[PDB]
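Visitor: My structure is stored as entry-v3.pdb, with PDB, C-alpha atoms.
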MODEL        1
ATOM      1  CA  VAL A   4       0.000   0.000   0.000
ATOM      2  CA  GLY A   5       2.806   2.445   0.891
ATOM      3  CA  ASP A   6       5.417   1.982  -1.846
ATOM      4  CA  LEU A   7       2.811   1.403  -4.585
ATOM      5  CA  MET A   8       1.135   4.776  -3.885
ATOM      6  CA  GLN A   9       4.560   6.454  -4.196
ATOM      7  CA  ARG A  10       5.186   5.273  -7.778
ATOM      8  CA  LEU A  11       1.570   6.184  -8.689
ATOM      9  CA  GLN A  12       2.320   9.926  -8.562
ATOM     10  CA  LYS A  13       5.889   9.797  -9.962
ATOM     11  CA  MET A  14       4.225   9.654 -13.405
ATOM     12  CA  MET A  15       2.345  12.911 -12.806
ATOM     13  CA  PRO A  16       3.687  16.419 -12.147
ATOM     14  CA  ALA A  17       4.265  17.430  -8.511
ATOM     15  CA  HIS A  18       1.311  19.850  -8.158
ATOM     16  CA  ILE A  19      -1.564  17.382  -8.744
ATOM     17  CA  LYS A  20      -3.721  16.044  -5.898
ATOM     18  CA  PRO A  21      -6.571  13.479  -5.904
ATOM     19  CA  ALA A  22      -9.989  14.856  -6.909
ATOM     20  CA  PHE A  23     -11.864  12.263  -4.798
ATOM     21  CA  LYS A  24     -11.088  10.820  -1.354
ATOM     22  CA  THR A  25     -14.138   8.508  -1.132
ATOM     23  CA  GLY A  26     -16.225   6.403  -3.532
ATOM     24  CA  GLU A  27     -19.420   8.223  -2.528
ATOM     25  CA  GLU A  28     -17.932  11.524  -3.747
ATOM     26  CA  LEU A  29     -16.976   9.900  -7.066
ATOM     27  CA  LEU A  30     -20.529   8.628  -7.666
ATOM     28  CA  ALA A  31     -21.956  12.009  -6.631
ATOM     29  CA  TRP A  32     -19.839  13.540  -9.412
ATOM     30  CA  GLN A  33     -20.667  10.631 -11.754
ATOM     31  CA  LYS A  34     -24.414  11.320 -11.488
ATOM     32  CA  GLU A  35     -23.825  15.089 -11.733
ATOM     33  CA  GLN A  36     -21.641  14.868 -14.848
ATOM     34  CA  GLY A  37     -23.952  12.242 -16.375
ATOM     35  CA  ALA A  38     -27.163  14.168 -15.671
ATOM     36  CA  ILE A  39     -25.961  17.411 -17.287
ATOM     37  CA  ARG A  40     -24.326  15.735 -20.321
ATOM     38  CA  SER A  41     -27.335  13.472 -20.985
ATOM     39  CA  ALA A  42     -29.521  16.603 -20.987
ATOM     40  CA  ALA A  43     -27.042  18.439 -23.246
ATOM     41  CA  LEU A  44     -26.915  15.591 -25.789
ATOM     42  CA  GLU A  45     -30.717  15.286 -25.730
ATOM     43  CA  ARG A  46     -31.044  19.055 -26.260
ATOM     44  CA  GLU A  47     -28.628  19.157 -29.213
ATOM     45  CA  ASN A  48     -30.027  16.365 -31.424
ATOM     46  CA  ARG A  49     -33.656  17.392 -30.791
ATOM     47  CA  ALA A  50     -32.574  20.894 -31.843
TER      48      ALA A  50
ATOM     49  CA  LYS B 180     -71.982  -0.863 -19.425
ATOM     50  CA  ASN B 181     -70.891   2.678 -20.359
ATOM     51  CA  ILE B 182     -67.433   3.876 -21.472
ATOM     52  CA  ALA B 183     -66.449   4.966 -17.936
ATOM     53  CA  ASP B 184     -66.954   1.518 -16.372
ATOM     54  CA  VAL B 185     -65.053  -0.324 -19.130
ATOM     55  CA  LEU B 186     -62.181   2.208 -19.112
ATOM     56  CA  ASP B 187     -61.967   1.790 -15.320
ATOM     57  CA  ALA B 188     -61.240  -1.904 -15.929
ATOM     58  CA  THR B 189     -58.637  -1.244 -18.655
ATOM     59  CA  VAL B 190     -56.470   1.213 -16.680
ATOM     60  CA  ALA B 191     -56.518  -1.195 -13.711
ATOM     61  CA  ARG B 192     -54.847  -3.982 -15.725
ATOM     62  CA  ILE B 193     -52.195  -1.462 -16.803
ATOM     63  CA  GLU B 194     -51.897   0.033 -13.283
ATOM     64  CA  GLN B 195     -51.239  -3.430 -11.797
ATOM     65  CA  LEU B 196     -48.226  -4.415 -13.930
ATOM     66  CA  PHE B 197     -46.810  -0.872 -14.298
ATOM     67  CA  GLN B 198     -45.769  -0.211 -10.685
ATOM     68  CA  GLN B 199     -42.742  -1.983  -9.170
ATOM     69  CA  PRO B 200     -43.390  -4.539  -6.378
ATOM     70  CA  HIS B 201     -40.327  -3.585  -4.264
ATOM     71  CA  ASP B 202     -39.798  -0.644  -1.901
ATOM     72  CA  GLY B 203     -36.021  -0.103  -1.889
ATOM     73  CA  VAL B 204     -33.166  -2.238  -3.236
ATOM     74  CA  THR B 205     -33.124  -5.796  -1.841
ATOM     75  CA  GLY B 206     -30.342  -6.834  -4.253
ATOM     76  CA  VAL B 207     -27.040  -5.118  -5.073
ATOM     77  CA  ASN B 208     -27.248  -1.503  -6.254
ATOM     78  CA  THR B 209     -26.810  -1.244 -10.034
ATOM     79  CA  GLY B 210     -26.031   2.487  -9.862
ATOM     80  CA  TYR B 211     -28.874   3.244 -12.296
ATOM     81  CA  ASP B 212     -32.203   4.507 -10.910
ATOM     82  CA  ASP B 213     -34.609   3.352 -13.639
ATOM     83  CA  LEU B 214     -32.926  -0.084 -13.558
ATOM     84  CA  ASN B 215     -32.995  -0.194  -9.735
ATOM     85  CA  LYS B 216     -36.747   0.486  -9.819
ATOM     86  CA  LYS B 217     -37.297  -2.263 -12.402
ATOM     87  CA  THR B 218     -35.090  -4.927 -10.731
ATOM     88  CA  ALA B 219     -34.865  -3.933  -7.025
ATOM     89  CA  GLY B 220     -31.116  -4.587  -7.294
ATOM     90  CA  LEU B 221     -29.406  -7.738  -8.571
ATOM     91  CA  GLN B 222     -30.873 -10.480  -6.388
ATOM     92  CA  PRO B 223     -28.799 -13.169  -4.632
ATOM     93  CA  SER B 224     -28.962 -16.634  -6.245
ATOM     94  CA  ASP B 225     -30.082 -15.182  -9.609
ATOM     95  CA  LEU B 226     -28.344 -16.100 -12.862
ATOM     96  CA  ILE B 227     -28.275 -12.835 -14.815
ATOM     97  CA  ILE B 228     -27.619 -12.911 -18.567
ATOM     98  CA  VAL B 229     -26.310  -9.753 -20.226
ATOM     99  CA  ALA B 230     -26.560 -10.507 -23.955
ATOM    100  CA  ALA B 231     -26.091  -8.357 -27.062
ATOM    101  CA  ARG B 232     -24.652  -8.137 -30.561
ATOM    102  CA  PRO B 233     -21.124  -6.749 -30.984
ATOM    103  CA  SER B 234     -20.592  -2.963 -30.630
ATOM    104  CA  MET B 235     -23.580  -2.537 -28.265
ATOM    105  CA  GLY B 236     -21.321  -2.292 -25.200
ATOM    106  CA  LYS B 237     -22.477  -5.476 -23.444
ATOM    107  CA  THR B 238     -19.049  -5.946 -21.838
ATOM    108  CA  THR B 239     -18.722  -2.312 -20.691
ATOM    109  CA  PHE B 240     -22.292  -2.319 -19.320
ATOM    110  CA  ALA B 241     -21.607  -5.444 -17.263
ATOM    111  CA  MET B 242     -18.347  -3.824 -16.175
ATOM    112  CA  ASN B 243     -20.183  -0.641 -15.117
ATOM    113  CA  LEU B 244     -22.439  -2.785 -12.922
ATOM    114  CA  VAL B 245     -19.367  -4.281 -11.233
ATOM    115  CA  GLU B 246     -17.750  -0.829 -10.955
ATOM    116  CA  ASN B 247     -20.925   0.524  -9.323
ATOM    117  CA  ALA B 248     -21.213  -2.576  -7.110
ATOM    118  CA  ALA B 249     -17.637  -1.977  -5.905
ATOM    119  CA  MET B 250     -18.410   1.588  -4.761
ATOM    120  CA  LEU B 251     -21.880   1.057  -3.258
ATOM    121  CA  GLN B 252     -20.986  -2.098  -1.296
ATOM    122  CA  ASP B 253     -18.009  -3.288   0.782
ATOM    123  CA  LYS B 254     -18.020  -7.085   0.178
ATOM    124  CA  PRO B 255     -15.924  -8.428  -2.732
ATOM    125  CA  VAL B 256     -16.922  -8.513  -6.416
ATOM    126  CA  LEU B 257     -15.378 -11.247  -8.582
ATOM    127  CA  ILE B 258     -14.635 -10.827 -12.303
ATOM    128  CA  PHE B 259     -13.616 -13.631 -14.649
ATOM    129  CA  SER B 260     -12.071 -11.981 -17.705
ATOM    130  CA  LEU B 261     -11.889 -14.775 -20.267
ATOM    131  CA  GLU B 262     -11.571 -12.307 -23.177
ATOM    132  CA  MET B 263      -9.118  -9.571 -22.121
ATOM    133  CA  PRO B 264      -6.064  -9.401 -19.820
ATOM    134  CA  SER B 265      -6.661  -8.168 -16.248
ATOM    135  CA  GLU B 266      -4.704  -4.935 -16.750
ATOM    136  CA  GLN B 267      -6.347  -4.194 -20.129
ATOM    137  CA  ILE B 268      -9.751  -4.291 -18.409
ATOM    138  CA  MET B 269      -8.666  -2.269 -15.373
ATOM    139  CA  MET B 270      -7.264   0.568 -17.512
ATOM    140  CA  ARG B 271     -10.707   0.703 -19.149
ATOM    141  CA  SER B 272     -12.380   0.895 -15.706
ATOM    142  CA  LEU B 273     -10.093   3.793 -14.749
ATOM    143  CA  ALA B 274     -11.255   5.674 -17.853
ATOM    144  CA  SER B 275     -14.867   4.697 -17.097
ATOM    145  CA  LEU B 276     -14.862   5.759 -13.431
ATOM    146  CA  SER B 277     -12.667   8.841 -13.952
ATOM    147  CA  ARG B 278     -14.585   9.807 -17.131
ATOM    148  CA  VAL B 279     -11.411  10.518 -19.132
ATOM    149  CA  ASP B 280     -11.264   9.873 -22.889
ATOM    150  CA  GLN B 281      -9.694   6.440 -23.368
ATOM    151  CA  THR B 282      -7.678   7.446 -26.456
ATOM    152  CA  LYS B 283      -5.839  10.041 -24.334
ATOM    153  CA  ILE B 284      -4.648   7.292 -21.959
ATOM    154  CA  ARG B 285      -3.457   5.098 -24.850
ATOM    155  CA  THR B 286      -1.799   7.703 -27.115
ATOM    156  CA  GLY B 287      -2.655  11.379 -26.581
ATOM    157  CA  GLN B 288      -1.633  13.823 -23.864
ATOM    158  CA  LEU B 289      -3.304  13.426 -20.458
ATOM    159  CA  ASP B 290      -4.407  16.759 -18.962
ATOM    160  CA  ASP B 291      -3.562  17.803 -15.397
ATOM    161  CA  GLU B 292      -7.329  17.683 -14.828
ATOM    162  CA  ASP B 293      -7.488  14.110 -16.183
ATOM    163  CA  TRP B 294      -4.494  12.901 -14.139
ATOM    164  CA  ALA B 295      -6.141  14.121 -10.908
ATOM    165  CA  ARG B 296      -9.380  12.164 -11.416
ATOM    166  CA  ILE B 297      -7.669   8.795 -12.066
ATOM    167  CA  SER B 298      -5.405   9.381  -9.040
ATOM    168  CA  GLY B 299      -8.510   9.772  -6.885
ATOM    169  CA  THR B 300     -10.196   6.797  -8.547
ATOM    170  CA  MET B 301      -7.171   4.547  -7.939
ATOM    171  CA  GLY B 302      -6.842   5.647  -4.301
ATOM    172  CA  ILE B 303     -10.468   4.692  -3.640
ATOM    173  CA  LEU B 304     -10.098   1.303  -5.365
ATOM    174  CA  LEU B 305      -6.953   0.652  -3.303
ATOM    175  CA  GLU B 306      -8.868   1.651  -0.141
ATOM    176  CA  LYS B 307     -11.859  -0.645  -0.697
ATOM    177  CA  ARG B 308     -10.073  -3.735  -2.092
ATOM    178  CA  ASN B 309     -13.342  -5.257  -3.353
ATOM    179  CA  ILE B 310     -12.379  -6.018  -6.950
ATOM    180  CA  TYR B 311     -10.854  -9.413  -7.741
ATOM    181  CA  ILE B 312     -10.084 -10.119 -11.400
ATOM    182  CA  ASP B 313      -9.108 -13.494 -12.880
ATOM    183  CA  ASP B 314      -7.674 -13.354 -16.421
ATOM    184  CA  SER B 315      -7.304 -17.148 -16.756
ATOM    185  CA  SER B 316      -8.765 -18.133 -20.143
ATOM    186  CA  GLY B 317     -10.862 -21.163 -21.131
ATOM    187  CA  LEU B 318     -12.026 -21.894 -17.582
ATOM    188  CA  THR B 319     -14.278 -24.825 -16.692
ATOM    189  CA  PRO B 320     -17.334 -24.485 -14.423
ATOM    190  CA  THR B 321     -15.536 -26.484 -11.707
ATOM    191  CA  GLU B 322     -12.522 -24.130 -11.932
ATOM    192  CA  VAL B 323     -14.767 -21.052 -11.883
ATOM    193  CA  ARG B 324     -16.636 -22.527  -8.898
ATOM    194  CA  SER B 325     -13.648 -23.582  -6.767
ATOM    195  CA  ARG B 326     -11.985 -20.188  -7.352
ATOM    196  CA  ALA B 327     -15.194 -18.347  -6.386
ATOM    197  CA  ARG B 328     -15.434 -20.545  -3.277
ATOM    198  CA  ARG B 329     -11.806 -19.743  -2.333
ATOM    199  CA  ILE B 330     -12.573 -16.007  -2.430
ATOM    200  CA  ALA B 331     -15.777 -16.608  -0.431
ATOM    201  CA  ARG B 332     -13.922 -18.424   2.387
ATOM    202  CA  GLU B 333     -10.848 -16.170   2.596
ATOM    203  CA  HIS B 334     -12.945 -12.956   2.639
ATOM    204  CA  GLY B 335     -16.413 -11.803   3.794
ATOM    205  CA  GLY B 336     -18.592 -13.820   1.405
ATOM    206  CA  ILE B 337     -19.183 -12.631  -2.174
ATOM    207  CA  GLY B 338     -21.090  -9.589  -3.459
ATOM    208  CA  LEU B 339     -21.136 -10.157  -7.224
ATOM    209  CA  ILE B 340     -19.767 -12.518  -9.893
ATOM    210  CA  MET B 341     -18.949 -11.436 -13.446
ATOM    211  CA  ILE B 342     -18.176 -13.724 -16.415
ATOM    212  CA  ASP B 343     -16.709 -12.095 -19.555
ATOM    213  CA  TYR B 344     -18.791 -13.801 -22.153
ATOM    214  CA  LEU B 345     -20.014 -17.285 -21.251
ATOM    215  CA  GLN B 346     -19.073 -18.942 -24.546
ATOM    216  CA  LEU B 347     -15.355 -18.685 -23.682
ATOM    217  CA  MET B 348     -15.952 -21.155 -20.831
ATOM    218  CA  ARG B 349     -15.765 -24.859 -21.676
ATOM    219  CA  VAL B 350     -16.335 -28.413 -20.415
ATOM    220  CA  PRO B 351     -13.783 -30.969 -21.747
ATOM    221  CA  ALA B 352     -16.151 -33.939 -21.252
ATOM    222  CA  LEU B 353     -18.861 -32.333 -23.428
ATOM    223  CA  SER B 354     -16.579 -30.363 -25.799
ATOM    224  CA  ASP B 355     -17.688 -32.456 -28.810
ATOM    225  CA  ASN B 356     -21.334 -31.329 -28.472
ATOM    226  CA  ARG B 357     -21.631 -27.535 -28.275
ATOM    227  CA  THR B 358     -25.303 -27.442 -27.234
ATOM    228  CA  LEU B 359     -24.604 -29.800 -24.305
ATOM    229  CA  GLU B 360     -21.466 -27.799 -23.424
ATOM    230  CA  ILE B 361     -23.391 -24.527 -23.012
ATOM    231  CA  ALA B 362     -26.218 -26.323 -21.175
ATOM    232  CA  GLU B 363     -23.759 -27.488 -18.490
ATOM    233  CA  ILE B 364     -22.076 -24.072 -18.243
ATOM    234  CA  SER B 365     -25.407 -22.284 -17.697
ATOM    235  CA  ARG B 366     -26.538 -24.907 -15.153
ATOM    236  CA  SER B 367     -23.268 -24.723 -13.215
ATOM    237  CA  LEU B 368     -23.381 -20.907 -13.054
ATOM    238  CA  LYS B 369     -26.915 -21.057 -11.624
ATOM    239  CA  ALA B 370     -25.835 -23.707  -9.103
ATOM    240  CA  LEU B 371     -22.884 -21.444  -8.251
ATOM    241  CA  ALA B 372     -25.209 -18.461  -7.714
ATOM    242  CA  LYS B 373     -27.144 -20.493  -5.123
ATOM    243  CA  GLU B 374     -24.225 -22.017  -3.170
ATOM    244  CA  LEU B 375     -22.556 -18.660  -2.502
ATOM    245  CA  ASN B 376     -25.949 -16.897  -2.522
ATOM    246  CA  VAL B 377     -24.722 -14.250  -4.941
ATOM    247  CA  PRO B 378     -25.876 -12.736  -8.233
ATOM    248  CA  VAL B 379     -23.803 -13.935 -11.188
ATOM    249  CA  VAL B 380     -23.760 -11.777 -14.319
ATOM    250  CA  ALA B 381     -22.825 -14.002 -17.261
ATOM    251  CA  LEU B 382     -22.422 -12.334 -20.656
ATOM    252  CA  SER B 383     -23.458 -13.982 -23.910
ATOM    253  CA  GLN B 384     -23.046 -13.341 -27.617
ATOM    254  CA  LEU B 385     -25.928 -13.375 -30.084
ATOM    255  CA  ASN B 386     -25.727 -14.952 -33.541
ATOM    256  CA  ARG B 387     -26.228 -12.931 -36.737
ATOM    257  CA  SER B 388     -29.640 -14.493 -37.563
ATOM    258  CA  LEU B 389     -31.562 -11.734 -35.726
ATOM    259  CA  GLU B 390     -30.124  -9.026 -38.034
ATOM    260  CA  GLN B 391     -32.258 -10.307 -40.951
ATOM    261  CA  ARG B 392     -35.323  -8.871 -39.152
ATOM    262  CA  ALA B 393     -36.631  -5.324 -39.584
ATOM    263  CA  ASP B 394     -36.845  -4.624 -35.849
ATOM    264  CA  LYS B 395     -33.354  -5.658 -34.707
ATOM    265  CA  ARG B 396     -33.976  -5.355 -30.948
ATOM    266  CA  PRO B 397     -33.043  -8.747 -29.425
ATOM    267  CA  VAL B 398     -35.862 -11.050 -28.281
ATOM    268  CA  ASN B 399     -35.514 -13.883 -25.721
ATOM    269  CA  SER B 400     -36.156 -16.457 -28.449
ATOM    270  CA  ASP B 401     -32.630 -15.647 -29.722
ATOM    271  CA  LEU B 402     -31.048 -17.689 -26.861
ATOM    272  CA  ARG B 403     -32.510 -21.131 -27.675
ATOM    273  CA  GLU B 404     -30.187 -21.180 -30.711
ATOM    274  CA  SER B 405     -27.290 -20.558 -28.297
ATOM    275  CA  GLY B 406     -28.477 -23.270 -25.885
ATOM    276  CA  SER B 407     -30.245 -23.901 -22.569
ATOM    277  CA  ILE B 408     -29.313 -20.449 -21.214
ATOM    278  CA  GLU B 409     -32.847 -19.002 -21.299
ATOM    279  CA  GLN B 410     -34.220 -21.793 -19.073
ATOM    280  CA  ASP B 411     -31.569 -21.464 -16.344
ATOM    281  CA  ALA B 412     -31.508 -17.639 -16.386
ATOM    282  CA  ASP B 413     -33.542 -15.676 -13.818
ATOM    283  CA  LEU B 414     -32.903 -12.221 -15.320
ATOM    284  CA  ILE B 415     -32.136 -11.473 -18.990
ATOM    285  CA  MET B 416     -30.982  -8.052 -20.217
ATOM    286  CA  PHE B 417     -30.301  -7.084 -23.840
ATOM    287  CA  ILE B 418     -28.372  -3.980 -24.905
ATOM    288  CA  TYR B 419     -29.514  -2.144 -28.030
ATOM    289  CA  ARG B 420     -28.144   0.998 -29.673
ATOM    290  CA  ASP B 421     -30.177   2.262 -32.652
ATOM    291  CA  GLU B 422     -27.166   4.386 -33.730
ATOM    292  CA  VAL B 423     -25.139   1.382 -34.973
ATOM    293  CA  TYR B 424     -27.926  -0.046 -37.181
ATOM    294  CA  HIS B 425     -29.330   3.251 -38.508
ATOM    295  CA  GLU B 426     -27.189   6.121 -39.842
ATOM    296  CA  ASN B 427     -29.554   8.813 -38.523
ATOM    297  CA  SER B 428     -32.137   8.270 -35.752
ATOM    298  CA  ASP B 429     -34.422  10.263 -33.421
ATOM    299  CA  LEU B 430     -32.111   9.170 -30.607
ATOM    300  CA  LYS B 431     -28.369   9.290 -31.350
ATOM    301  CA  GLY B 432     -26.353   8.905 -28.120
ATOM    302  CA  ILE B 433     -29.044   6.794 -26.449
ATOM    303  CA  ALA B 434     -28.832   3.109 -25.545
ATOM    304  CA  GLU B 435     -31.536   0.905 -24.023
ATOM    305  CA  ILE B 436     -31.455  -2.089 -21.688
ATOM    306  CA  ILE B 437     -34.273  -4.457 -22.661
ATOM    307  CA  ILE B 438     -35.280  -6.836 -19.871
ATOM    308  CA  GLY B 439     -36.448  -9.906 -21.790
ATOM    309  CA  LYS B 440     -37.224 -12.018 -18.728
ATOM    310  CA  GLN B 441     -37.393 -11.455 -14.985
ATOM    311  CA  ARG B 442     -38.524 -13.957 -12.359
ATOM    312  CA  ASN B 443     -38.458 -11.263  -9.662
ATOM    313  CA  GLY B 444     -40.809  -8.758 -11.334
ATOM    314  CA  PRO B 445     -41.766  -6.806 -14.469
ATOM    315  CA  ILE B 446     -40.535  -6.965 -18.064
ATOM    316  CA  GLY B 447     -39.632  -3.721 -19.855
ATOM    317  CA  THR B 448     -37.076  -1.412 -21.460
ATOM    318  CA  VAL B 449     -34.830   1.033 -19.581
ATOM    319  CA  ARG B 450     -33.190   3.845 -21.577
ATOM    320  CA  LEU B 451     -29.636   4.943 -20.702
ATOM    321  CA  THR B 452     -27.081   7.400 -22.092
ATOM    322  CA  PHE B 453     -23.908   5.871 -23.569
ATOM    323  CA  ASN B 454     -20.372   7.256 -23.971
ATOM    324  CA  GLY B 455     -17.999   5.527 -26.402
ATOM    325  CA  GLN B 456     -15.084   7.773 -25.404
ATOM    326  CA  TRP B 457     -14.686   6.595 -21.787
ATOM    327  CA  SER B 458     -16.886   3.476 -22.129
ATOM    328  CA  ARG B 459     -19.568   4.143 -19.516
ATOM    329  CA  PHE B 460     -23.360   4.271 -19.251
ATOM    330  CA  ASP B 461     -25.344   7.046 -17.538
ATOM    331  CA  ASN B 462     -28.939   7.564 -16.396
ATOM    332  CA  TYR B 463     -31.312   9.222 -18.867
ATOM    333  CA  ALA B 464     -32.517  12.720 -17.917
ATOM    334  CA  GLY B 465     -35.938  12.439 -19.585
ATOM    335  CA  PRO B 466     -37.943  13.439 -16.463
ATOM    336  CA  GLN B 467     -36.835  17.108 -16.511
ATOM    337  CA  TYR B 468     -36.169  18.899 -19.810
ATOM    338  CA  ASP B 469     -37.336  22.381 -18.718
ATOM    339  CA  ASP B 470     -36.436  24.026 -22.061
TER     340      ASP B 470
ENDMDL
END
Represent the structure from my file as structure tokens, please.
Guide:
Amino acid sequence: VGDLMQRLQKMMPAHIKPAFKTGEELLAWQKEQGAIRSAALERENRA
Amino acid sequence: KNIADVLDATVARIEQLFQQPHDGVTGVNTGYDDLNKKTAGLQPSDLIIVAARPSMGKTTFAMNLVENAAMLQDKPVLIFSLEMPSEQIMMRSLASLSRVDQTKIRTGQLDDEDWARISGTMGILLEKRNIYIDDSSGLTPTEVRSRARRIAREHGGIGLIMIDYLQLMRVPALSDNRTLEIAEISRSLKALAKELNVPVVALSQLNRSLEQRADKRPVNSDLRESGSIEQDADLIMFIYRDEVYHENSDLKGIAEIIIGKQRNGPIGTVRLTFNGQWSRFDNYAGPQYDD
């Protein structure tokens, strides 16, 4: 768990931090991003 | 008998089968509201068959269910990837969960915004430790079973089982007769669902024959040609995207999960949004347009 998380962020630049700390926050964003984009797509092709 | 009395009777027969019989999810949360209402979650000891033609996203849909099951539940989900390598699948799940264009991971530049989301995604997956993937190819039912049992004993039961299409499995003893082979695979997967008391999602291909029809939405009858899958299955879901069959359609980015059979409750179609870029399904926002 320790050493594997180290190499994870060696790929990225130094200034990046994780956008989500829990799975509930990820799915909150997932529904949010999905809801707005599904509406946007629906709007565009109808128009 | 006037029009009012007879119409009273007609709406009743519709009213009865329209509403869902479950208050709240008894099974595992699918992560999709319209599907949760229709199924009440994926029930323990139910053989679930996710079947579709190629390019419908049957594999990514099934994978979304496992991805959602991993977040909304702490007990382990088991995935048998007979088609792809473990790491090839997991990279796809990172794109799916983090909603980053998959091409950008493979070739193009990854944005600082994109990098952040997958970092968070990975941290959460490392925290939970619910996802167990087995890339062993050409597995037998006995092998699938004993491996699922091993995970069940060494950890806190099993939450979900996932089989990357069923036809890749095999039974040496029956290998000569393909119809018998599939009959034993389907039976064993149902038996496995009961023993561990867990839903098992087993994918299945569909032969070309159906594409000679005008209406190319899969019907249950298209599984008897495959084998004895329809009999053993408790829940059957077909994926259909009009976009692939028709150049221009009323709906373009829309997919639809057609429940062909359900022991638990009602038959029907559930419409979802689909993204080819990051390979993930979303809920449809039909309820509220509001200009």
Visitor: Please identify every residue of chain A that has at least one atom no farther than 7 Å from an atom of chain B, counting all atoms listed in the file, and for each give the shortest atom pair and the distance in Å to one decimal, arranged by chain then increasing number, as CSV.
Guide:
residue,atom,partner,partner_atom,distance
A:15,CA,B:294,CA,7.0
A:19,CA,B:295,CA,6.0
A:20,CA,B:295,CA,5.9
A:21,CA,B:299,CA,4.3
A:22,CA,B:296,CA,5.3
A:23,CA,B:299,CA,4.7
A:24,CA,B:299,CA,6.2
A:25,CA,B:303,CA,5.9
A:26,CA,B:250,CA,5.4
A:37,CA,B:461,CA,5.5
A:38,CA,B:464,CA,6.0
A:41,CA,B:464,CA,6.1
A:42,CA,B:464,CA,5.8
Visitor: Kindly resolve the PyMOL selection byres ((chain B and resi 447) around 9) on the present coordinates and return the residues as a list in words.
Guide: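 So the PyMOL selection byres ((chain B and resi 447) around 9), applied here, picks out residues 217, 436, 437, 438, 439, 440, 445, 446, 448 and 449 of chain B.
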Visitor: Export C-alpha atoms of the chosen residues as a PDB file, keeping the file's coordinate frame?
Guide:
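New file result-v8.pdb:
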ATOM      1  CA  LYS B 217     -37.297  -2.263 -12.402  1.00  0.00           C
ATOM      2  CA  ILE B 436     -31.455  -2.089 -21.688  1.00  0.00           C
ATOM      3  CA  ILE B 437     -34.273  -4.457 -22.661  1.00  0.00           C
ATOM      4  CA  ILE B 438     -35.280  -6.836 -19.871  1.00  0.00           C
ATOM      5  CA  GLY B 439     -36.448  -9.906 -21.790  1.00  0.00           C
ATOM      6  CA  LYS B 440     -37.224 -12.018 -18.728  1.00  0.00           C
ATOM      7  CA  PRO B 445     -41.766  -6.806 -14.469  1.00  0.00           C
ATOM      8  CA  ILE B 446     -40.535  -6.965 -18.064  1.00  0.00           C
ATOM      9  CA  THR B 448     -37.076  -1.412 -21.460  1.00  0.00           C
ATOM     10  CA  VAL B 449     -34.830   1.033 -19.581  1.00  0.00           C
TER      11      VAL B 449
END
Visitor: Would you kindly return, as a ChimeraX atom specification, each protein, DNA or RNA residue with an atom no farther than 10 Å from any atom of range 238-246 of chain B, considering all atoms listed in the file and excluding same-chain residues fewer than 4 positions away?
Guide: /B:207-211,221,228-231,233-234,250-251,256-258,262,268-269,271-273,275-276,304,309-310,338-344,380-383,418,436,453,455,457-461
Visitor: As a PyMOL selection string, please: the residues near range 356-360 of chain B (cut-off 10 Å, only C-alpha atoms, same-chain neighbours under 3 positions excluded).
Guide: chain B and resi 346+348-353+363-365+403-407
Visitor: So the first atom is CA of residue 411 in chain B and the second is CA of residue 443 in chain B; what is the distance between them in Å, to one decimal place?
Guide: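 Separation of CA of residue 411 in chain B and CA of residue 443 in chain B: 14.0 Å.
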Visitor: What does the distance between CA of residue 326 in chain B and CA of residue 255 in chain B come to in Å, to one decimal place?
Guide: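 Taking CA of residue 326 in chain B as the start and CA of residue 255 in chain B as the end point, the length is 13.2 Å.
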Visitor: Could you tell me how far CA of residue 196 in chain B lies from CA of residue 442 in chain B, in Å and to one decimal?
Guide: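 Computing it gives 13.7 Å between the two atoms.
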Visitor: Any chance you could resolve the PyMOL selection byres ((chain B and resi 220) around 6) against this file and give the residues as a PyMOL selection string?
Guide: chain B and resi 204-208+215+218-219+221-222
Visitor: Using the chain letters and numbers from the file, which residues does the PyMOL selection byres ((chain B and resi 331) around 12) grab, as a PyMOL selection string?
Guide: chain B and resi 254-257+309+311+324-330+332-340+371+374-377
Visitor: Draw an axis-aligned box tight on the listed atoms of range 399-405 of chain B, then pad every side by 3 Å and write out centre and edge lengths in Å to one decimal as JSON.
Guide:
{"center_x": -31.7, "center_y": -17.5, "center_z": -28.2, "size_x": 14.9, "size_y": 13.3, "size_z": 11.0}
